[PDB]
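# Observations on the three-dimensional arrangement
The chain contents come next:
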Amino acid sequence: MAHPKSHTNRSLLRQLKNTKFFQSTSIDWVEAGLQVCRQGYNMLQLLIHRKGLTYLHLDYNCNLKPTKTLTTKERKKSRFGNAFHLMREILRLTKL
Amino acid sequence: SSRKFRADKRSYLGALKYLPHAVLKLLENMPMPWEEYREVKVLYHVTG
Amino acid sequence: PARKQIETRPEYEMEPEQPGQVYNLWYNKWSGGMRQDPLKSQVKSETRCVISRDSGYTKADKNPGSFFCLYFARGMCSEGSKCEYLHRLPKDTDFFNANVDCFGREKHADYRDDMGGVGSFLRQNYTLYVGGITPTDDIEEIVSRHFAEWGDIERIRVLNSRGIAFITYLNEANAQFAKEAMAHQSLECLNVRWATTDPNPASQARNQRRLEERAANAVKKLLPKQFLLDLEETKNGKXXXXXXXXXXXXXXXXXXXXXXX
Amino acid sequence: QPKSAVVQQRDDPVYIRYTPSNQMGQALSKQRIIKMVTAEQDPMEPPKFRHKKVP
RNA sequence: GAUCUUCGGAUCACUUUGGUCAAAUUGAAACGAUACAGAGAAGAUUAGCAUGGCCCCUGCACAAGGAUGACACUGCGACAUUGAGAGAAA
RNA sequence: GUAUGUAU
Ligand SMILES: [Mg+2]
Ligand SMILES: [Mg+2]
Ligand SMILES: [Mg+2]
Ligand SMILES: [Mg+2]
């Protein structure tokens, strides 16, 4: 344990609140859980489609799987990476 | 799906960067057993 | 005033290529086998507009610097009477500027491969490339009947060997307008595309000559009156004495001489 | 570094006067005071253009 | 409108509009279908590392892969002559 | 008969 460094407070979540692109409101927890769980579903879908990788579909339970069954040439395009998958499986937890 | 929000779609990926940070604020708020529901506060991107 | 050609409108839903186009949420199109069916095979329009019948007053007419409605030329402008954009043909007065197509849509760098609905701002085209049906030699009576309505023409060419037409136009605004209206109509659907430079040297020189003439007319308003007075004076004289006299008097240069006297 | 969330507002409206130089002709001057302002970039939007490689 | 106060007269509040189309064939991915051909190192089989960019995909990656990812040239010449013989032009 | 490219 280090003894903490002197610094001014950054705080991300109050910078975003100071631009005109974010608004504030108060709601129920479970609503805003679903909100996220959805938001993330789409944010992956839009990434999957922008790559034109449209023969795989994520289940609504963050479960990725192929439909077509692919050539080796069409698999190398799929091969999503160490990040996206980690990001995904962190969603699978949030959903539960 | 619809074209009416074909603008947003650029930002929507832009959000992805700050998803892991949304998970973490959410779970550090989980309501606890004795509570029936819990009200919270929020920042949303007006883009949804 | 105005006519709302279709009050109702069209709502888009589809499953083309039956077993799964999927739909790419990123760019709203479907994706599957038979890309050749998407490249060719465009289906006939449900309506075409009639100029004299449909055209009228609008909310735009009151506003000085408006554009025309794209859906008017298509012949389906659901608003019609209370439409925001103009419901007429482009005249010589309407004008517009370089980077803007008559319908308001911005121009681009340098064309499409398959020649789309808008053209480049680097070269000017008063022309139109078509692909039409061929009954007999009364085709030219049919072509001249329809295309003449959309605007003032310069010259209709109709090659009978290959069912194609290079239709130039007087005002460039009519050309952009004409292409949309003619396109996707029957006389298969007519095919409308921007024209590549016509083959051979002589024809290009003839076109270059026309464009140069167009530029000269545009410049002509700009030039000084004395310069204007001259070329005109010289042509009439075709004078020498007058010129000599002028020279003697002279002996911001004009301004300086004016300032002295 | 793209400076995530770190969004700064150069929020002084820069005022200017613009003396035009008889462009086509006609009206000449006036001087016209422009008022510049910086539209404040949405935090999210990723890069707006690709990396074109040219010799 | 509200608060003072002569019916005059104050005082408080001040210019919106994140727009690549205004209505999904002709202005923002290509892949896919089909046909051909069908995988470096001078017998044949075979690991690889590099090498150079107007070739690029996967990848958080200044790891690593993708056939060793794929593609990859090698006449000229800064011209002397010698000595002899034959030819046409001054 | 694909890995990998050429043509419509
Ligand atoms: Mg390698
Ligand atoms: Mg090998
Ligand atoms: Mg290998
Ligand atoms: Mg190599």
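For this deposited structure, the header cites cryo-EM as the method used and 3.6 Å as the resolution.

Once that is clear, we can look at the packing of aromatic side chains. The geometry of an aromatic ring pair is captured by the separation of the ring centres together with the interplanar angle, meaning the angle of the planes. According to the stated counting rule, one finds 9 aromatic pairs over all chains in the structure shown. Judged by centre distance (4.5 Å) and plane angle (40 degrees), the ring pair of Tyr41 of chain A and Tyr60 of chain A falls under tilted. Taken as a pair, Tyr41 of chain A in helix α1 (residues 29-50) and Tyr60 of chain A in the loop between β2 (56-58) and β3 (64-66) lie far apart in primary sequence, 19 residues in all. Taking the centre distance of 4.1 Å and the plane angle of 15 degrees together, the rings of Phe80 of chain A and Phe84 of chain A count as stacked. When sorted by exposure, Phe80 of chain A lands in the same class as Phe84 of chain A, which is buried. Members of the aromatic cluster, joined through ring pairs, are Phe67, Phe68, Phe72, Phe96, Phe103 and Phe177 of chain C. Above the ring of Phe80 of chain A, the side-chain terminus of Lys51 of chain A is found at 4.1 Å from the ring centroid.

Neighbouring residues of RNA strand E: 54 residues in total, closest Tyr23, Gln42, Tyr71, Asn191 and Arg193 of chain C. Of all atoms in RNA strand E that approach within 4 Å of the protein, 41% are sugar or phosphate atoms. A distance of 3.1 Å separates a base nitrogen of RNA strand E from a polar backbone atom of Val43 of chain C. Among the secondary structure elements, those contributing two or more residues to the surface near RNA strand E are α2 (72-78) and α3 (82-95) of chain A together with α4 (70-74) and β4 (191-193) of chain C. Partitioning the surface near RNA strand E into residue classes produces 21 nonpolar, 16 polar and 17 charged.

Attention now goes to the interface of chain A and chain B. Between chain A and chain B, the residue contacts involve 26 residues of the former and 26 residues of the latter. Between chain A and chain B, a total of about 2,700 Å² is buried, with carbon and sulfur atoms accounting for 77% of that surface. Three residues stand out in chain A for area buried against chain B, namely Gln23, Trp29 and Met43 of chain A, and they jointly supply 28% of the buried area on that side. Linking chain A with chain B are 8 residue pairs in polar contact, by the criterion used here. Looking at the side of chain A that touches chain B, the elements that each hand over two or more residues are β1 (22-25), α1 and α3 of chain A. It is α1 of chain A that provides the largest number of residues to the side of chain A that touches chain B, a total of 11 residues. Per-class residue counts for the side of chain A that touches chain B are 15 nonpolar, 9 polar and 2 charged. As paired elements, β1 of chain A and strand β1 (residues 42-45) of chain B share 4 bridges and run antiparallel to each other. Considered in β1 of chain B, the bridge of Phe22 of chain A is made with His45 of chain B.

About the criteria used
- Residues numbered from 1 in each chain as written, not as in the entry; some residues may be left out.
- Chains lettered and ligands numbered in written order.
- Part of a larger assembly, values for the part shown.
- Heavy atoms only, no water.
- Residues with missing side-chain atoms left out of burial classes, pairs and counts.
- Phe/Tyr/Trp six-rings, centres within 6.5 Å; stacked < 30°, edge-to-face > 60°.
- Helix = DSSP H or I, 4+ residues; strand = E, 2+ residues; numbered from the N terminus.
- Buried < 20%, exposed > 50% of the residue type's maximum accessible area, 1.4 Å probe, protein only.
- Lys NZ or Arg CZ within 6 Å of the ring centre and 35° of its normal.
- Near = heavy atom within 4 Å.
- Polar contact = N/O pair within 3.5 Å; in protein donor to acceptor, adjacent residues only side chain to side chain.
- Nonpolar A, V, L, I, M, F, W, Y, C, P; charged D, E, K, R; others polar.
- Contact = heavy atoms within 4.5 Å.
- Buried area = accessible area lost by both parts, 1.4 Å probe.
- Pairing = 2+ DSSP bridges.

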